[PDB]
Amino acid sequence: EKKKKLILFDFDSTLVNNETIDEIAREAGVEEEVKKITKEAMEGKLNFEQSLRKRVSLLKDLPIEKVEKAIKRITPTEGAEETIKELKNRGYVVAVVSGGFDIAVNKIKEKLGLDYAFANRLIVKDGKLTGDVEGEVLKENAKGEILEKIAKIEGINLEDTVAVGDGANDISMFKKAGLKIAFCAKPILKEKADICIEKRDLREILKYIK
């Protein structure tokens, strides 16, 4: 009869080792420029949505096959599946909320056995990226809105939620969460975290969760 907890994870650099957008940028020949903007966005120096639309536009015309080649290089962070299975083993609900893309996130949702997955989407036409991106994980308070929505669906009080993030777009998720864990995170998020983990193994979060 114990109560369930809801645990939300950020995708890029948290559940997986890579930054999806930077990997696709490599295939489009704009890795350096995109990497730089990604770093500023995660450090909180830029509005997230404007920074993402700017990086995605540099991907215009990339064939879908090259997008997949970049996605295939994405690997799960050390300890990811074991950690998710242990949380589910306790009866907890687990979700991934990402400013990244369904094309990468959908895969990991099934691979790791997550209950919820929210991400943006790359627009495609004639088998190539158009350079646009649309979705519900763009606005500054988007992740916090999703955390509240999932918690309501599950009947779980916000005090019983845990957010694990690593970038500035995880700040709104931290505002609503009962426990805030910064996983090998940028300074702007570490300032706001309850706990900061710097060892790159997702199982390290289990020590802090009953």
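Numbers for residues come from their place in the sequence shown, where the first is 1.
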| property | result |
| --- | --- |
| Higher-scoring stretch by recorded Cα B factor average, 24-32 or 148-156 | 24-32 |
| Mean C-alpha B-factor comparison - 33-41 and 159-167, higher one | 33-41 |
| Most elevated Cα B-factor in the entry, residues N89, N120, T130, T83 | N89 |
| Where the record places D102 (Cα B-factor, split into thirds across the chain) | middle |
| Third of chain Cα B-factors occupied by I205 | middle |
| Third of chain Cα B-factors occupied by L52 | lowest |
| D126 - Cα temperature factor, lowest/middle/highest third of chain | middle |
| Third of the chain's Cα B-factor distribution that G135 belongs to, per the entry | lowest |
